[PDB]
Amino acid sequence: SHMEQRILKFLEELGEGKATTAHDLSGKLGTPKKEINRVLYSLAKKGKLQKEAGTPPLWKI
Amino acid sequence: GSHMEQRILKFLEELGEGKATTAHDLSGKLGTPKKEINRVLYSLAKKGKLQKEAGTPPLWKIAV
Amino acid sequence: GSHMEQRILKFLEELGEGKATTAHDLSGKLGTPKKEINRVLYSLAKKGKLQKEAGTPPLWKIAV
Amino acid sequence: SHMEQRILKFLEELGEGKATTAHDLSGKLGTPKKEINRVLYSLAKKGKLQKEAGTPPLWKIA
DNA sequence: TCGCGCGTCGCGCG
DNA sequence: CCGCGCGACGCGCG
């Protein structure tokens, strides 16, 4: 998918143990946050992304 | 100056030259409430160290 | 807006006294998206016009 | 709500065509101004209070 | 033209 | 124990 790959490549250009927030990616890609989270949690359903607790939640691998 | 000032200053510097960011962003990356960040941000602008461009939210960068 | 506020308040009136209904129910009866239904519900609660009871889903009744 | 009554009764005692400021209500009632305003704008939500422009804004009963 | 109310928001939910 | 309202907000204020 489109958002899926954008979000993946971005994370790789951040680091391995590095994680970011949805809101961050929302402004770093100019796409609505409700949308980022939708694709974030979706990528989780595929084992491509790992979510780590917090408010807001953090996203990596 | 204080701890918060130095912290925010080194942060903005390590972004480039004509780069900017928001209080919200700093609040998250410094693990500090946003009211405090804004307290220091506007204070630094009063010392000519920081420059603020309009917007909602406002953007912040090093003063030229 | 204050249109829905009436459609709902009126629907809640006929519901009797002390009888609470859900947002999902209203969504059907009023042919309105649950989201807009909830927006107005929580808004009215703030206006002290509506009272909300715990549960899943939450129940809604005329306040006081 | 506990505050809403206090503020209302005061604006009732004030007068119909009369308007006071949040900064004043804060002083009379001994309530931090933030709370006064917090309630003021809330009461304006419920159509109980009417706000008319100015710096500071003026407040009266609907 | 100090006006200020302002809290959190975590939300992924189909 | 799907609960979801969620956007307004720019706020720094002594």
# chains A, B, ... in the order shown; residues from 1 in each chain; ligands from 1

$ residues_around --residues "residue 62 in chain B" --least-positions-apart "4" --cutoff "12 Å" --atoms "only C-alpha atoms (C1' of nucleotides)" --output "short mmCIF file (atom, residue, chain, number, x, y, z; two decimals) with N, CA, C and O atoms, in the first residue's frame"
data_model
loop_
_atom_site.label_atom_id
_atom_site.label_comp_id
_atom_site.auth_asym_id
_atom_site.auth_seq_id
_atom_site.Cartn_x
_atom_site.Cartn_y
_atom_site.Cartn_z
N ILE B 8 16.08 23.44 25.27
CA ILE B 8 15.34 23.86 24.09
C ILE B 8 16.26 24.45 23.02
O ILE B 8 16.02 24.28 21.82
N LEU B 9 17.31 25.12 23.46
CA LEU B 9 18.25 25.77 22.56
C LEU B 9 19.08 24.77 21.76
O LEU B 9 19.17 24.86 20.54
N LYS B 10 19.69 23.81 22.46
CA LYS B 10 20.49 22.79 21.78
C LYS B 10 19.61 21.99 20.83
O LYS B 10 20.04 21.59 19.74
N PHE B 11 18.37 21.75 21.24
CA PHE B 11 17.42 21.04 20.40
C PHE B 11 17.26 21.75 19.05
O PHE B 11 17.59 21.19 18.00
N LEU B 12 16.77 22.99 19.08
CA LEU B 12 16.52 23.75 17.86
C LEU B 12 17.75 23.88 16.98
O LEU B 12 17.66 23.88 15.75
N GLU B 13 18.92 24.01 17.60
CA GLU B 13 20.17 24.12 16.86
C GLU B 13 20.43 22.87 16.04
O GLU B 13 20.82 22.95 14.87
N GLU B 14 20.19 21.71 16.64
CA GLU B 14 20.43 20.43 15.98
C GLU B 14 19.32 20.06 15.01
O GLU B 14 18.93 18.90 14.90
N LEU B 15 18.81 21.06 14.29
CA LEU B 15 17.78 20.84 13.28
C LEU B 15 18.21 21.44 11.95
O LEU B 15 17.64 21.12 10.90
N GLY B 16 19.22 22.30 12.00
CA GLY B 16 19.73 22.94 10.80
C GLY B 16 19.89 24.44 10.98
O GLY B 16 20.39 24.90 12.00
N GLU B 17 19.47 25.20 9.97
CA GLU B 17 19.58 26.65 10.02
C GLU B 17 18.19 27.29 10.00
O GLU B 17 17.75 27.87 10.99
N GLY B 18 17.51 27.17 8.87
CA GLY B 18 16.18 27.71 8.72
C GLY B 18 15.10 26.69 9.03
O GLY B 18 14.14 26.53 8.28
N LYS B 19 15.27 25.99 10.15
CA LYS B 19 14.33 24.96 10.56
C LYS B 19 13.50 25.43 11.76
O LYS B 19 13.92 26.32 12.50
N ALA B 20 12.33 24.82 11.94
CA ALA B 20 11.43 25.21 13.03
C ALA B 20 10.71 24.02 13.66
O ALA B 20 10.74 22.91 13.14
N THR B 21 10.06 24.28 14.80
CA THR B 21 9.26 23.26 15.47
C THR B 21 8.28 23.93 16.43
O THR B 21 8.30 25.15 16.60
N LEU B 41 9.72 29.45 25.87
CA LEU B 41 9.77 29.85 24.47
C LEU B 41 9.59 31.35 24.32
O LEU B 41 10.40 32.03 23.69
N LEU B 44 12.47 33.27 25.82
CA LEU B 44 13.64 33.28 24.95
C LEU B 44 13.47 34.26 23.80
O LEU B 44 14.44 34.86 23.33
N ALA B 45 12.24 34.43 23.34
CA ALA B 45 11.96 35.41 22.30
C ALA B 45 12.16 36.82 22.84
O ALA B 45 12.51 37.74 22.10
N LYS B 47 14.45 37.65 24.75
CA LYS B 47 15.88 37.86 24.89
C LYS B 47 16.56 37.83 23.53
O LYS B 47 17.79 37.87 23.42
N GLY B 48 15.74 37.76 22.48
CA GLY B 48 16.24 37.80 21.12
C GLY B 48 16.96 36.53 20.70
O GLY B 48 17.60 36.49 19.65
N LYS B 49 16.85 35.50 21.53
CA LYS B 49 17.49 34.22 21.23
C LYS B 49 16.61 33.36 20.32
O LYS B 49 17.11 32.59 19.50
N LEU B 50 15.29 33.51 20.47
CA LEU B 50 14.34 32.76 19.66
C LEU B 50 13.46 33.66 18.80
O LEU B 50 13.16 34.79 19.18
N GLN B 51 13.05 33.14 17.65
CA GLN B 51 12.17 33.85 16.73
C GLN B 51 10.91 33.02 16.48
O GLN B 51 10.99 31.81 16.30
N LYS B 52 9.76 33.67 16.44
CA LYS B 52 8.50 32.94 16.30
C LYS B 52 7.67 33.39 15.10
O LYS B 52 7.31 34.56 14.98
N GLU B 53 7.36 32.45 14.21
CA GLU B 53 6.52 32.75 13.06
C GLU B 53 5.08 32.35 13.32
O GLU B 53 4.81 31.37 14.01
#

$ select_by_dssp --residues "chain D" --states "strand (DSSP E or B)" --output "ChimeraX atom specification"
/D:20,49-52,58-61

$ calpha_fit_and_write --fixed "chain B" --moving "chain C" --output "PDB file with N, CA, C and O atoms, in the first residue's frame"
ATOM      1  N   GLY C   1      14.468  26.819  33.631  1.00  0.00           N
ATOM      2  CA  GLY C   1      15.021  28.159  33.546  1.00  0.00           C
ATOM      3  C   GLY C   1      16.068  28.284  32.456  1.00  0.00           C
ATOM      4  O   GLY C   1      15.765  28.128  31.273  1.00  0.00           O
ATOM      5  N   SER C   2      17.303  28.575  32.852  1.00  0.00           N
ATOM      6  CA  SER C   2      18.416  28.633  31.911  1.00  0.00           C
ATOM      7  C   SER C   2      18.859  27.210  31.593  1.00  0.00           C
ATOM      8  O   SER C   2      19.700  26.984  30.725  1.00  0.00           O
ATOM      9  N   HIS C   3      18.279  26.257  32.318  1.00  0.00           N
ATOM     10  CA  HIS C   3      18.465  24.840  32.043  1.00  0.00           C
ATOM     11  C   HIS C   3      17.652  24.492  30.804  1.00  0.00           C
ATOM     12  O   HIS C   3      18.191  24.020  29.802  1.00  0.00           O
ATOM     13  N   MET C   4      16.345  24.731  30.886  1.00  0.00           N
ATOM     14  CA  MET C   4      15.447  24.509  29.759  1.00  0.00           C
ATOM     15  C   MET C   4      15.909  25.309  28.556  1.00  0.00           C
ATOM     16  O   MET C   4      15.935  24.804  27.434  1.00  0.00           O
ATOM     17  N   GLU C   5      16.275  26.562  28.798  1.00  0.00           N
ATOM     18  CA  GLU C   5      16.752  27.431  27.734  1.00  0.00           C
ATOM     19  C   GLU C   5      17.836  26.756  26.900  1.00  0.00           C
ATOM     20  O   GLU C   5      17.937  26.989  25.700  1.00  0.00           O
ATOM     21  N   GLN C   6      18.639  25.913  27.539  1.00  0.00           N
ATOM     22  CA  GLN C   6      19.699  25.201  26.836  1.00  0.00           C
ATOM     23  C   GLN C   6      19.156  23.948  26.154  1.00  0.00           C
ATOM     24  O   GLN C   6      19.428  23.702  24.978  1.00  0.00           O
ATOM     25  N   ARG C   7      18.384  23.161  26.896  1.00  0.00           N
ATOM     26  CA  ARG C   7      17.799  21.939  26.361  1.00  0.00           C
ATOM     27  C   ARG C   7      17.026  22.214  25.080  1.00  0.00           C
ATOM     28  O   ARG C   7      17.050  21.418  24.138  1.00  0.00           O
ATOM     29  N   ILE C   8      16.340  23.350  25.056  1.00  0.00           N
ATOM     30  CA  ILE C   8      15.554  23.744  23.898  1.00  0.00           C
ATOM     31  C   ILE C   8      16.445  24.315  22.801  1.00  0.00           C
ATOM     32  O   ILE C   8      16.320  23.941  21.634  1.00  0.00           O
ATOM     33  N   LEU C   9      17.345  25.218  23.178  1.00  0.00           N
ATOM     34  CA  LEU C   9      18.269  25.812  22.216  1.00  0.00           C
ATOM     35  C   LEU C   9      19.131  24.748  21.550  1.00  0.00           C
ATOM     36  O   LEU C   9      19.454  24.854  20.367  1.00  0.00           O
ATOM     37  N   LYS C  10      19.501  23.725  22.313  1.00  0.00           N
ATOM     38  CA  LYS C  10      20.283  22.621  21.776  1.00  0.00           C
ATOM     39  C   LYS C  10      19.429  21.788  20.830  1.00  0.00           C
ATOM     40  O   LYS C  10      19.867  21.415  19.743  1.00  0.00           O
ATOM     41  N   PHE C  11      18.204  21.503  21.251  1.00  0.00           N
ATOM     42  CA  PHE C  11      17.274  20.751  20.423  1.00  0.00           C
ATOM     43  C   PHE C  11      16.980  21.498  19.126  1.00  0.00           C
ATOM     44  O   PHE C  11      16.768  20.886  18.078  1.00  0.00           O
ATOM     45  N   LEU C  12      16.965  22.824  19.203  1.00  0.00           N
ATOM     46  CA  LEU C  12      16.683  23.654  18.038  1.00  0.00           C
ATOM     47  C   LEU C  12      17.886  23.738  17.107  1.00  0.00           C
ATOM     48  O   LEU C  12      17.738  23.981  15.909  1.00  0.00           O
ATOM     49  N   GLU C  13      19.075  23.543  17.665  1.00  0.00           N
ATOM     50  CA  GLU C  13      20.299  23.551  16.875  1.00  0.00           C
ATOM     51  C   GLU C  13      20.318  22.367  15.914  1.00  0.00           C
ATOM     52  O   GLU C  13      20.492  22.538  14.708  1.00  0.00           O
ATOM     53  N   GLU C  14      20.130  21.169  16.458  1.00  0.00           N
ATOM     54  CA  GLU C  14      20.131  19.949  15.659  1.00  0.00           C
ATOM     55  C   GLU C  14      19.016  19.963  14.623  1.00  0.00           C
ATOM     56  O   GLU C  14      19.059  19.224  13.638  1.00  0.00           O
ATOM     57  N   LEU C  15      18.015  20.803  14.856  1.00  0.00           N
ATOM     58  CA  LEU C  15      16.883  20.917  13.948  1.00  0.00           C
ATOM     59  C   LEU C  15      17.333  21.504  12.613  1.00  0.00           C
ATOM     60  O   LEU C  15      16.578  21.514  11.640  1.00  0.00           O
ATOM     61  N   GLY C  16      18.571  21.986  12.578  1.00  0.00           N
ATOM     62  CA  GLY C  16      19.130  22.560  11.371  1.00  0.00           C
ATOM     63  C   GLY C  16      19.029  24.070  11.352  1.00  0.00           C
ATOM     64  O   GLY C  16      18.904  24.709  12.397  1.00  0.00           O
ATOM     65  N   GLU C  17      19.084  24.644  10.156  1.00  0.00           N
ATOM     66  CA  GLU C  17      19.008  26.090   9.999  1.00  0.00           C
ATOM     67  C   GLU C  17      17.746  26.490   9.246  1.00  0.00           C
ATOM     68  O   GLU C  17      17.545  26.093   8.098  1.00  0.00           O
ATOM     69  N   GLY C  18      16.898  27.277   9.899  1.00  0.00           N
ATOM     70  CA  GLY C  18      15.665  27.735   9.291  1.00  0.00           C
ATOM     71  C   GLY C  18      14.502  26.819   9.610  1.00  0.00           C
ATOM     72  O   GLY C  18      13.343  27.173   9.394  1.00  0.00           O
ATOM     73  N   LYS C  19      14.812  25.634  10.124  1.00  0.00           N
ATOM     74  CA  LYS C  19      13.781  24.682  10.513  1.00  0.00           C
ATOM     75  C   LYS C  19      13.185  25.066  11.860  1.00  0.00           C
ATOM     76  O   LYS C  19      13.895  25.164  12.863  1.00  0.00           O
ATOM     77  N   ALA C  20      11.877  25.290  11.877  1.00  0.00           N
ATOM     78  CA  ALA C  20      11.192  25.654  13.106  1.00  0.00           C
ATOM     79  C   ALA C  20      10.313  24.508  13.584  1.00  0.00           C
ATOM     80  O   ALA C  20       9.800  23.729  12.781  1.00  0.00           O
ATOM     81  N   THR C  21      10.151  24.398  14.897  1.00  0.00           N
ATOM     82  CA  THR C  21       9.291  23.370  15.466  1.00  0.00           C
ATOM     83  C   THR C  21       8.288  23.985  16.431  1.00  0.00           C
ATOM     84  O   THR C  21       8.400  25.152  16.798  1.00  0.00           O
ATOM     85  N   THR C  22       7.309  23.189  16.839  1.00  0.00           N
ATOM     86  CA  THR C  22       6.231  23.686  17.677  1.00  0.00           C
ATOM     87  C   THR C  22       6.513  23.436  19.151  1.00  0.00           C
ATOM     88  O   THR C  22       7.456  22.726  19.503  1.00  0.00           O
ATOM     89  N   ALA C  23       5.689  24.035  20.004  1.00  0.00           N
ATOM     90  CA  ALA C  23       5.808  23.862  21.443  1.00  0.00           C
ATOM     91  C   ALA C  23       5.352  22.465  21.832  1.00  0.00           C
ATOM     92  O   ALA C  23       5.888  21.856  22.758  1.00  0.00           O
ATOM     93  N   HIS C  24       4.355  21.959  21.116  1.00  0.00           N
ATOM     94  CA  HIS C  24       3.830  20.633  21.396  1.00  0.00           C
ATOM     95  C   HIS C  24       4.899  19.572  21.142  1.00  0.00           C
ATOM     96  O   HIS C  24       5.080  18.657  21.946  1.00  0.00           O
ATOM     97  N   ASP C  25       5.611  19.711  20.028  1.00  0.00           N
ATOM     98  CA  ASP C  25       6.718  18.818  19.703  1.00  0.00           C
ATOM     99  C   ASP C  25       7.760  18.795  20.821  1.00  0.00           C
ATOM    100  O   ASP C  25       8.131  17.730  21.311  1.00  0.00           O
ATOM    101  N   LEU C  26       8.229  19.973  21.224  1.00  0.00           N
ATOM    102  CA  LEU C  26       9.216  20.079  22.296  1.00  0.00           C
ATOM    103  C   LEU C  26       8.732  19.418  23.578  1.00  0.00           C
ATOM    104  O   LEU C  26       9.507  18.767  24.282  1.00  0.00           O
ATOM    105  N   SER C  27       7.449  19.597  23.879  1.00  0.00           N
ATOM    106  CA  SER C  27       6.854  19.029  25.083  1.00  0.00           C
ATOM    107  C   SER C  27       7.120  17.529  25.167  1.00  0.00           C
ATOM    108  O   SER C  27       7.435  17.003  26.234  1.00  0.00           O
ATOM    109  N   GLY C  28       6.999  16.849  24.033  1.00  0.00           N
ATOM    110  CA  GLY C  28       7.256  15.424  23.974  1.00  0.00           C
ATOM    111  C   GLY C  28       8.734  15.109  24.092  1.00  0.00           C
ATOM    112  O   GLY C  28       9.165  14.437  25.030  1.00  0.00           O
ATOM    113  N   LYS C  29       9.513  15.606  23.137  1.00  0.00           N
ATOM    114  CA  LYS C  29      10.946  15.342  23.094  1.00  0.00           C
ATOM    115  C   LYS C  29      11.634  15.588  24.436  1.00  0.00           C
ATOM    116  O   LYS C  29      12.561  14.868  24.802  1.00  0.00           O
ATOM    117  N   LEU C  30      11.182  16.602  25.167  1.00  0.00           N
ATOM    118  CA  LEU C  30      11.854  16.991  26.405  1.00  0.00           C
ATOM    119  C   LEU C  30      11.146  16.486  27.662  1.00  0.00           C
ATOM    120  O   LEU C  30      11.632  16.691  28.775  1.00  0.00           O
ATOM    121  N   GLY C  31      10.010  15.817  27.480  1.00  0.00           N
ATOM    122  CA  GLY C  31       9.247  15.300  28.602  1.00  0.00           C
ATOM    123  C   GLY C  31       8.905  16.391  29.599  1.00  0.00           C
ATOM    124  O   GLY C  31       8.939  16.177  30.813  1.00  0.00           O
ATOM    125  N   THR C  32       8.577  17.568  29.074  1.00  0.00           N
ATOM    126  CA  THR C  32       8.237  18.726  29.893  1.00  0.00           C
ATOM    127  C   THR C  32       6.852  19.248  29.519  1.00  0.00           C
ATOM    128  O   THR C  32       6.478  19.225  28.346  1.00  0.00           O
ATOM    129  N   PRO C  33       6.079  19.706  30.521  1.00  0.00           N
ATOM    130  CA  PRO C  33       4.747  20.278  30.286  1.00  0.00           C
ATOM    131  C   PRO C  33       4.784  21.376  29.231  1.00  0.00           C
ATOM    132  O   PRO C  33       5.667  22.232  29.274  1.00  0.00           O
ATOM    133  N   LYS C  34       3.833  21.353  28.301  1.00  0.00           N
ATOM    134  CA  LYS C  34       3.773  22.361  27.245  1.00  0.00           C
ATOM    135  C   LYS C  34       3.809  23.778  27.818  1.00  0.00           C
ATOM    136  O   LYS C  34       4.435  24.669  27.245  1.00  0.00           O
ATOM    137  N   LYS C  35       3.147  23.980  28.953  1.00  0.00           N
ATOM    138  CA  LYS C  35       3.107  25.295  29.592  1.00  0.00           C
ATOM    139  C   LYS C  35       4.505  25.821  29.902  1.00  0.00           C
ATOM    140  O   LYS C  35       4.847  26.941  29.528  1.00  0.00           O
ATOM    141  N   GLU C  36       5.306  25.013  30.593  1.00  0.00           N
ATOM    142  CA  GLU C  36       6.674  25.400  30.926  1.00  0.00           C
ATOM    143  C   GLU C  36       7.496  25.590  29.651  1.00  0.00           C
ATOM    144  O   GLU C  36       8.354  26.471  29.575  1.00  0.00           O
ATOM    145  N   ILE C  37       7.218  24.763  28.649  1.00  0.00           N
ATOM    146  CA  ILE C  37       7.854  24.898  27.343  1.00  0.00           C
ATOM    147  C   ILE C  37       7.564  26.271  26.740  1.00  0.00           C
ATOM    148  O   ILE C  37       8.481  26.971  26.305  1.00  0.00           O
ATOM    149  N   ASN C  38       6.289  26.654  26.723  1.00  0.00           N
ATOM    150  CA  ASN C  38       5.886  27.963  26.207  1.00  0.00           C
ATOM    151  C   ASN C  38       6.405  29.143  27.034  1.00  0.00           C
ATOM    152  O   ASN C  38       6.793  30.175  26.483  1.00  0.00           O
ATOM    153  N   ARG C  39       6.417  28.991  28.355  1.00  0.00           N
ATOM    154  CA  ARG C  39       6.954  30.030  29.223  1.00  0.00           C
ATOM    155  C   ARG C  39       8.368  30.394  28.790  1.00  0.00           C
ATOM    156  O   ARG C  39       8.709  31.573  28.673  1.00  0.00           O
ATOM    157  N   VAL C  40       9.184  29.372  28.553  1.00  0.00           N
ATOM    158  CA  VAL C  40      10.578  29.574  28.177  1.00  0.00           C
ATOM    159  C   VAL C  40      10.708  30.054  26.735  1.00  0.00           C
ATOM    160  O   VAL C  40      11.604  30.830  26.409  1.00  0.00           O
ATOM    161  N   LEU C  41       9.815  29.587  25.871  1.00  0.00           N
ATOM    162  CA  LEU C  41       9.858  29.981  24.470  1.00  0.00           C
ATOM    163  C   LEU C  41       9.657  31.481  24.323  1.00  0.00           C
ATOM    164  O   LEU C  41      10.472  32.172  23.717  1.00  0.00           O
ATOM    165  N   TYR C  42       8.560  31.979  24.879  1.00  0.00           N
ATOM    166  CA  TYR C  42       8.245  33.397  24.791  1.00  0.00           C
ATOM    167  C   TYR C  42       9.254  34.248  25.565  1.00  0.00           C
ATOM    168  O   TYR C  42       9.521  35.395  25.203  1.00  0.00           O
ATOM    169  N   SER C  43       9.820  33.673  26.622  1.00  0.00           N
ATOM    170  CA  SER C  43      10.866  34.341  27.389  1.00  0.00           C
ATOM    171  C   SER C  43      12.130  34.505  26.552  1.00  0.00           C
ATOM    172  O   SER C  43      12.739  35.573  26.535  1.00  0.00           O
ATOM    173  N   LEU C  44      12.518  33.439  25.860  1.00  0.00           N
ATOM    174  CA  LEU C  44      13.697  33.466  25.002  1.00  0.00           C
ATOM    175  C   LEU C  44      13.507  34.402  23.823  1.00  0.00           C
ATOM    176  O   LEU C  44      14.451  35.048  23.378  1.00  0.00           O
ATOM    177  N   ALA C  45      12.290  34.451  23.294  1.00  0.00           N
ATOM    178  CA  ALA C  45      11.995  35.342  22.183  1.00  0.00           C
ATOM    179  C   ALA C  45      12.269  36.777  22.618  1.00  0.00           C
ATOM    180  O   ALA C  45      12.823  37.578  21.862  1.00  0.00           O
ATOM    181  N   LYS C  46      11.877  37.092  23.848  1.00  0.00           N
ATOM    182  CA  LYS C  46      12.116  38.414  24.406  1.00  0.00           C
ATOM    183  C   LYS C  46      13.613  38.686  24.499  1.00  0.00           C
ATOM    184  O   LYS C  46      14.064  39.807  24.269  1.00  0.00           O
ATOM    185  N   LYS C  47      14.377  37.649  24.830  1.00  0.00           N
ATOM    186  CA  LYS C  47      15.824  37.770  24.966  1.00  0.00           C
ATOM    187  C   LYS C  47      16.521  37.822  23.608  1.00  0.00           C
ATOM    188  O   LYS C  47      17.745  37.727  23.529  1.00  0.00           O
ATOM    189  N   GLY C  48      15.735  37.971  22.547  1.00  0.00           N
ATOM    190  CA  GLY C  48      16.268  38.029  21.197  1.00  0.00           C
ATOM    191  C   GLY C  48      16.995  36.763  20.787  1.00  0.00           C
ATOM    192  O   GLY C  48      17.632  36.718  19.735  1.00  0.00           O
ATOM    193  N   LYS C  49      16.899  35.731  21.620  1.00  0.00           N
ATOM    194  CA  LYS C  49      17.550  34.456  21.339  1.00  0.00           C
ATOM    195  C   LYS C  49      16.694  33.586  20.423  1.00  0.00           C
ATOM    196  O   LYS C  49      17.215  32.822  19.608  1.00  0.00           O
ATOM    197  N   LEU C  50      15.377  33.713  20.557  1.00  0.00           N
ATOM    198  CA  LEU C  50      14.451  32.941  19.736  1.00  0.00           C
ATOM    199  C   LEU C  50      13.567  33.821  18.861  1.00  0.00           C
ATOM    200  O   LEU C  50      13.237  34.950  19.220  1.00  0.00           O
ATOM    201  N   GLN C  51      13.184  33.279  17.711  1.00  0.00           N
ATOM    202  CA  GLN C  51      12.322  33.978  16.770  1.00  0.00           C
ATOM    203  C   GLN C  51      11.062  33.148  16.527  1.00  0.00           C
ATOM    204  O   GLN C  51      11.138  31.943  16.295  1.00  0.00           O
ATOM    205  N   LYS C  52       9.902  33.792  16.586  1.00  0.00           N
ATOM    206  CA  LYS C  52       8.632  33.081  16.437  1.00  0.00           C
ATOM    207  C   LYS C  52       7.894  33.448  15.155  1.00  0.00           C
ATOM    208  O   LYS C  52       7.771  34.623  14.808  1.00  0.00           O
ATOM    209  N   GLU C  53       7.399  32.429  14.461  1.00  0.00           N
ATOM    210  CA  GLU C  53       6.643  32.638  13.235  1.00  0.00           C
ATOM    211  C   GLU C  53       5.165  32.368  13.464  1.00  0.00           C
ATOM    212  O   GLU C  53       4.798  31.541  14.297  1.00  0.00           O
ATOM    213  N   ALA C  54       4.327  33.075  12.714  1.00  0.00           N
ATOM    214  CA  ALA C  54       2.878  32.949  12.825  1.00  0.00           C
ATOM    215  C   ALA C  54       2.380  31.554  12.463  1.00  0.00           C
ATOM    216  O   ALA C  54       3.063  30.791  11.777  1.00  0.00           O
ATOM    217  N   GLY C  55       1.176  31.232  12.920  1.00  0.00           N
ATOM    218  CA  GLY C  55       0.587  29.939  12.648  1.00  0.00           C
ATOM    219  C   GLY C  55      -0.153  29.408  13.856  1.00  0.00           C
ATOM    220  O   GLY C  55      -0.116  30.000  14.933  1.00  0.00           O
ATOM    221  N   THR C  56      -0.836  28.288  13.669  1.00  0.00           N
ATOM    222  CA  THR C  56      -1.531  27.620  14.760  1.00  0.00           C
ATOM    223  C   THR C  56      -1.299  26.110  14.684  1.00  0.00           C
ATOM    224  O   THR C  56      -2.001  25.408  13.955  1.00  0.00           O
ATOM    225  N   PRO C  57      -0.321  25.602  15.455  1.00  0.00           N
ATOM    226  CA  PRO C  57       0.431  26.342  16.473  1.00  0.00           C
ATOM    227  C   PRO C  57       1.542  27.186  15.862  1.00  0.00           C
ATOM    228  O   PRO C  57       1.869  27.000  14.693  1.00  0.00           O
ATOM    229  N   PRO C  58       2.109  28.115  16.644  1.00  0.00           N
ATOM    230  CA  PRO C  58       3.258  28.932  16.238  1.00  0.00           C
ATOM    231  C   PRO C  58       4.509  28.080  16.064  1.00  0.00           C
ATOM    232  O   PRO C  58       4.643  27.050  16.724  1.00  0.00           O
ATOM    233  N   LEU C  59       5.410  28.508  15.184  1.00  0.00           N
ATOM    234  CA  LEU C  59       6.658  27.791  14.949  1.00  0.00           C
ATOM    235  C   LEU C  59       7.823  28.541  15.578  1.00  0.00           C
ATOM    236  O   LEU C  59       7.800  29.767  15.662  1.00  0.00           O
ATOM    237  N   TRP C  60       8.841  27.806  16.017  1.00  0.00           N
ATOM    238  CA  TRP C  60       9.970  28.413  16.716  1.00  0.00           C
ATOM    239  C   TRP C  60      11.315  28.020  16.119  1.00  0.00           C
ATOM    240  O   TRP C  60      11.543  26.860  15.779  1.00  0.00           O
ATOM    241  N   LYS C  61      12.211  28.995  16.010  1.00  0.00           N
ATOM    242  CA  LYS C  61      13.535  28.773  15.444  1.00  0.00           C
ATOM    243  C   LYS C  61      14.563  29.645  16.146  1.00  0.00           C
ATOM    244  O   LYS C  61      14.210  30.563  16.882  1.00  0.00           O
ATOM    245  N   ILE C  62      15.838  29.359  15.913  1.00  0.00           N
ATOM    246  CA  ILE C  62      16.904  30.193  16.449  1.00  0.00           C
ATOM    247  C   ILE C  62      16.856  31.570  15.789  1.00  0.00           C
ATOM    248  O   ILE C  62      16.694  31.680  14.574  1.00  0.00           O
ATOM    249  N   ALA C  63      16.991  32.617  16.599  1.00  0.00           N
ATOM    250  CA  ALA C  63      16.794  33.989  16.132  1.00  0.00           C
ATOM    251  C   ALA C  63      17.901  34.495  15.204  1.00  0.00           C
ATOM    252  O   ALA C  63      18.984  33.908  15.131  1.00  0.00           O
ATOM    253  N   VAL C  64      17.611  35.594  14.510  1.00  0.00           N
ATOM    254  CA  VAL C  64      18.534  36.225  13.562  1.00  0.00           C
ATOM    255  C   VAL C  64      18.996  35.259  12.474  1.00  0.00           C
ATOM    256  O   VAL C  64      18.376  34.220  12.251  1.00  0.00           O
TER     257      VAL C  64
END

$ atom_distance --atom1 "CA of residue 35 in chain A" --atom2 "CA of residue 50 in chain A"
17.4 Å

$ residues_around --residues "residue 6 in chain E" --least-positions-apart "5" --cutoff "12 Å" --atoms "only C-alpha atoms (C1' of nucleotides)" --output "ChimeraX atom specification"
/B:35 /D:34-35,37-38,41 /F:8-11

$ atom_distance --atom1 "CA of residue 53 in chain D" --atom2 "CA of residue 30 in chain D"
24.2 Å

$ select_by_dssp --residues "chain A" --states "helix (DSSP H, G or I)" --output "number ranges by chain"
A: 2-12, 22-28, 33-44

$ atom_distance --atom1 "CA of residue 49 in chain D" --atom2 "CA of residue 28 in chain D"
18.3 Å

$ residues_around --residues "residue 9 in chain D" --least-positions-apart "4" --cutoff "12 Å" --atoms "only C-alpha atoms (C1' of nucleotides)" --output "PyMOL selection string"
chain D and resi 2-5+13-16+25+29+48-49+60-61

$ interface_residues --of "chain E" --to "chain A" --cutoff "10 Å" --atoms "only C-alpha atoms (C1' of nucleotides)" --output "ChimeraX atom specification"
/E:9-12

$ closest_atom_pairs --of "chain D" --to "chain E" --cutoff "12 Å" --atoms "only C-alpha atoms (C1' of nucleotides)" --output "tab-separated table"
residue	atom	partner	partner_atom	distance
D:22	CA	E:5	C1'	10.6
D:23	CA	E:2	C1'	11.5
D:33	CA	E:4	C1'	10.1
D:34	CA	E:5	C1'	7.5
D:35	CA	E:5	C1'	8.8
D:36	CA	E:5	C1'	9.1
D:37	CA	E:5	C1'	5.5
D:38	CA	E:5	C1'	5.1
D:39	CA	E:5	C1'	8.1
D:40	CA	E:5	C1'	7.8
D:41	CA	E:5	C1'	5.9
D:42	CA	E:5	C1'	8.2
D:43	CA	E:5	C1'	11.0
D:44	CA	E:5	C1'	10.6
D:45	CA	E:5	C1'	11.2
D:53	CA	E:3	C1'	9.6
D:54	CA	E:3	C1'	8.0
D:55	CA	E:3	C1'	5.6
D:56	CA	E:3	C1'	6.3
D:57	CA	E:3	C1'	7.7
D:58	CA	E:3	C1'	11.5

$ closest_residue --among "A:12, A:58, A:45, A:33" --to "chain F" --atoms "only C-alpha atoms (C1' of nucleotides)"
A:33
